[PDB]
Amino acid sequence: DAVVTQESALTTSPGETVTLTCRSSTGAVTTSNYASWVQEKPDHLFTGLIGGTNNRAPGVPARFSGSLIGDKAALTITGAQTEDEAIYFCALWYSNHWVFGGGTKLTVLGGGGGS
């Protein structure tokens, strides 16, 4: 009966660094929760970003990285880009099922460059 919780919203701007977090109601997030991160963009387009805590999916830009920070899983964007404005979901594995967080709406205010 685990519940996965994420920030409802965060605001950044191009070139800044932002960290999204993923909390487990059962205790600390560990390797065995295989924390995974997916991006939803408009028209219900999903792109996987990080799988198994810290592995970038093929083709995912280097500015996305995953880690455990304290008791939570974390997705860091080092140098945010305007196209990164989107909803980000995390998923945690609990013995025999996946549970998704509620998603974080990331706003990227202003215009920027990027990779």
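Numbers for residues come from their place in the sequence shown, where the first is 1.
(request) Would you tell me which stretch averages the higher CA B-factor in the PDB entry, 46 to 54 or 23 to 31? (result) Taking the mean B-factor of the alpha carbons in each, 23 to 31 is higher.
(message) Tell me which stretch, 62 to 70 or 32 to 40, has the higher mean Cα B-factor listed in the entry.
(response) Mean CA B-factor is higher for 62 to 70.
(request) Quick one: classify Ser95 as lowest, middle or highest third of the chain based on its Cα B-factor. (result) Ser95: CA B-factor falls in the highest third of its chain.
(request) Please rank the C-alpha B-factors of the chain's modelled residues and tell me whether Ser8 sits in the lowest, middle or highest third. (result) For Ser8, whose C-alpha B-factor we compare with every modelled residue in the chain, the answer is the middle third.
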